[PDB]
Amino acid sequence: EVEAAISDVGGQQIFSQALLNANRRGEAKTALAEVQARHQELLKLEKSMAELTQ
Amino acid sequence: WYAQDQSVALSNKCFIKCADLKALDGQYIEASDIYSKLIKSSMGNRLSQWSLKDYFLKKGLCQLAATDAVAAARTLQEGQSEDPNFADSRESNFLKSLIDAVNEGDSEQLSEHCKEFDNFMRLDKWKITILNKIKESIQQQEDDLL
């Protein structure tokens, strides 16, 4: 007559992935992309003070 | 005459001018020797160290105009050891770089180094003349090697 055939229900697991804040944007965001123009200024101090020391 | 009077300073002013004119006249070895004397007189004097860096550079430049790159190398090593201010200076690095260019036979690399040094420290007329001579000696050596 009868027996077993399909059984369980209460039993499962799940992993979990993750995205990230957008503002993050490219690494260049404050104190990163400005270092290009901040360097020309610093080269200006170096120079103007080279005039100073000479 | 100033050196006999213990006028180190006026002596040095005269010997700067003598060495510069000698180097411009093709007398590179004697100019280097006068620069050696001037260096020896300016060691240990807190007041003159700025000239001292300049001094080392000029000596090497004459030694590069005489095609004696070994002399430039020993001058640069000497200055690096006896004057810490020269060791870390732009002049020492520039003279290392010129010696490296001369030993390689790469005149373009020398001109690049001259431009780089110019951007940070204006090459006066004298340095331009001696550096042009050094470049010409390099180019002449390739022209013979070709």
# chains A, B, ... in the order shown; residues from 1 in each chain; ligands from 1
$ closest_atom_pairs --of "chain A" --to "chain B" --cutoff "10 Å" --atoms "only C-alpha atoms" --output "tab-separated table"
residue	atom	partner	partner_atom	distance
A:43	CA	B:120	CA	8.9
A:46	CA	B:120	CA	8.7
A:47	CA	B:120	CA	6.9
A:50	CA	B:121	CA	8.1
A:51	CA	B:121	CA	9.4
A:53	CA	B:50	CA	9.5
A:54	CA	B:50	CA	8.7
$ residues_around --residues "residue B:35" --least-positions-apart "3" --cutoff "8 Å" --atoms "only C-alpha atoms" --output "ChimeraX atom specification"
/B:15-16,19,31-32,38-39,55-56,58-59
$ closest_residue --among "B:114, B:57, B:69, B:123" --to "residue B:95" --atoms "only C-alpha atoms"
B:57
$ atom_distance --atom1 "atom CA of residue B:131" --atom2 "atom CA of residue B:49"
23.4 Å
$ select_by_dssp --residues "chain A" --states "alpha helix (DSSP H)" --output "number ranges by chain"
A: 35-53
$ residues_around --residues "residue B:93" --least-positions-apart "5" --cutoff "10 Å" --atoms "only C-alpha atoms" --output "PyMOL selection string"
chain B and resi 57+76+80+86-88+98-99+113+117
$ atom_distance --atom1 "atom CA of residue B:130" --atom2 "atom CA of residue B:46"
28.5 Å
$ decode --residues "chain A" --atoms "C-alpha atoms" --output "mmCIF file, in the first residue's frame"
data_model
loop_
_atom_site.group_PDB
_atom_site.id
_atom_site.type_symbol
_atom_site.label_atom_id
_atom_site.label_comp_id
_atom_site.auth_asym_id
_atom_site.auth_seq_id
_atom_site.Cartn_x
_atom_site.Cartn_y
_atom_site.Cartn_z
ATOM 1 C CA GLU A 1 0.000 0.000 0.000
ATOM 2 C CA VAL A 2 1.674 3.284 1.183
ATOM 3 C CA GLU A 3 5.063 4.644 2.462
ATOM 4 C CA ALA A 4 7.115 7.927 2.116
ATOM 5 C CA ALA A 5 7.074 10.504 -0.765
ATOM 6 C CA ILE A 6 8.151 14.205 -0.370
ATOM 7 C CA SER A 7 8.633 15.795 3.113
ATOM 8 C CA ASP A 8 10.396 18.671 5.025
ATOM 9 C CA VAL A 9 9.148 22.348 4.939
ATOM 10 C CA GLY A 10 10.554 24.016 8.110
ATOM 11 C CA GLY A 11 14.243 24.085 7.031
ATOM 12 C CA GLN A 12 16.221 26.520 4.807
ATOM 13 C CA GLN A 13 19.244 28.907 4.890
ATOM 14 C CA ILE A 14 20.264 31.980 2.913
ATOM 15 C CA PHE A 15 23.534 33.804 2.296
ATOM 16 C CA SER A 16 23.588 37.626 1.953
ATOM 17 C CA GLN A 17 25.437 39.966 -0.463
ATOM 18 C CA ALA A 18 25.899 43.741 -0.194
ATOM 19 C CA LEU A 19 26.229 46.886 -2.378
ATOM 20 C CA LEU A 20 27.768 50.206 -1.245
ATOM 21 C CA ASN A 21 27.050 53.957 -0.835
ATOM 22 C CA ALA A 22 26.935 55.831 -4.163
ATOM 23 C CA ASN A 23 28.488 59.166 -3.088
ATOM 24 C CA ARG A 24 31.530 56.877 -2.708
ATOM 25 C CA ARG A 25 31.740 57.421 -6.487
ATOM 26 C CA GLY A 26 35.299 57.313 -7.875
ATOM 27 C CA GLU A 27 38.137 57.300 -5.294
ATOM 28 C CA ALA A 28 38.730 60.997 -6.185
ATOM 29 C CA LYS A 29 36.292 62.663 -3.715
ATOM 30 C CA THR A 30 37.756 65.424 -1.437
ATOM 31 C CA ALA A 31 41.471 65.162 -0.543
ATOM 32 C CA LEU A 32 41.994 62.907 -3.649
ATOM 33 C CA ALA A 33 41.049 64.773 -6.905
ATOM 34 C CA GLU A 34 41.964 68.193 -5.325
ATOM 35 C CA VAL A 35 45.567 66.889 -4.702
ATOM 36 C CA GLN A 36 46.228 67.623 -8.453
ATOM 37 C CA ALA A 37 45.636 71.432 -8.062
ATOM 38 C CA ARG A 38 46.877 71.460 -4.385
ATOM 39 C CA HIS A 39 50.271 70.168 -5.683
ATOM 40 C CA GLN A 40 50.677 73.010 -8.153
ATOM 41 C CA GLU A 41 50.064 75.361 -5.227
ATOM 42 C CA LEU A 42 52.584 73.515 -3.080
ATOM 43 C CA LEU A 43 55.101 73.738 -5.951
ATOM 44 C CA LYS A 44 54.321 77.479 -5.874
ATOM 45 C CA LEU A 45 55.228 77.712 -2.133
ATOM 46 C CA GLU A 46 58.421 75.691 -2.842
ATOM 47 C CA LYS A 47 59.340 78.151 -5.656
ATOM 48 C CA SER A 48 58.364 81.445 -3.992
ATOM 49 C CA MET A 49 60.267 80.292 -0.940
ATOM 50 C CA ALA A 50 63.163 79.252 -3.181
ATOM 51 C CA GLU A 51 63.220 82.934 -4.099
ATOM 52 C CA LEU A 52 63.077 83.625 -0.360
ATOM 53 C CA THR A 53 66.059 81.452 0.545
ATOM 54 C CA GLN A 54 68.157 82.605 -2.431
#
